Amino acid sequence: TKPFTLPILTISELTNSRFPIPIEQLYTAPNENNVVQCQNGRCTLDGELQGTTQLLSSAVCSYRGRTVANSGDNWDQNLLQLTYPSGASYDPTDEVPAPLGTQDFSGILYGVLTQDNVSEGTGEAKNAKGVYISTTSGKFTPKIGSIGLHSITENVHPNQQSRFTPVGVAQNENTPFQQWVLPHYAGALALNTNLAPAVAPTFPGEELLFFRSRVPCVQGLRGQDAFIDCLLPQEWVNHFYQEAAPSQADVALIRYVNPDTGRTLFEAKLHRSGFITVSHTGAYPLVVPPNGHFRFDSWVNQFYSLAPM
């Protein structure tokens, strides 16, 4: 029986699985009114990807395809007809919520669209177009292979093979950034399907543990932080995918250890469906040294009583 293991990576060596930026801290908080059902960064401990999860951070919130002129519309001057990583048209009949890597938060995603290369004399960054991809637009239908592009800088050309590089999120007067409200992958008034399940603590006194990053915000949230919290960093997802070690129990007891002091700082429950719970009450950014990392201890059932963190 292949042993289950975790990669040995400090917090600064981990990538957010919901946006291509490094993890900054571990963070716990109650679920109060949030449905915790993110679709990127979903993977069982025995290596089964779930939701819209794939292996490349460079594909998370990244899009590519052909631009289609959309005249008669205030917001999206063009659409993007999405293609697979190598030009193949996306099949909406796959049993997934949306193309793998699709943004799994509600609101505005900001990035740069690039298109056919232009001559040097055309101008500086003339093939770079700042665009908003808003999930509240009626044109946000990634499940059927089309999203709406709202150009901000540098008019976008139709009928050109284009790539979208994500930079951050945005919040304008009527579109709040809501990381735990899934977007309508199939368009307005349509409900989401084939979703990775929502997660929540089920043992008394426990809370979810998140890998937390601050995403750049190009509009709004003055004096505030745009947080993106994932259940698993990308490197854990990829490690479980590679190893495919069979799960021997409901929970993998993991201990957070400091390697040069040799002491365990706290412990947590890594559930077989791919998320972590800790014994704590309240919103709390975890105070841990920069060289610490989780270590797989043993297989326990879901009724294991953690030491309070």
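Residue positions are given as counts along the sequence shown, with the first one as 1.
The question of which stretch, 232 to 240 or 167 to 175, has the higher mean Cα B factor is settled in favour of 167 to 175. As recorded in the PDB entry, 252 to 260 is the stretch of 38 to 46 and 252 to 260 with the greater mean C-alpha temperature factor. When the Cα B-factors of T141, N74, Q115, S213 are read from the PDB record, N74 comes out highest. Of the residues listed, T136, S146, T83, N78, the entry assigns the biggest Cα temperature factor to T83. Compared with the other modelled residues of the chain, the Cα B-factor recorded for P97 ranks in the lowest third.
Among the modelled residues of its chain, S162 has a C-alpha B-factor that falls in the middle third according to the deposited record. When all modelled residues of the chain are sorted by CA temperature factor, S279 is found within the middle third.
In this PDB entry, the Cα temperature factor of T10 sits in the middle third of its chain's modelled residues. Among all modelled residues in its chain, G51 ranks in the lowest third by Cα B-factor.
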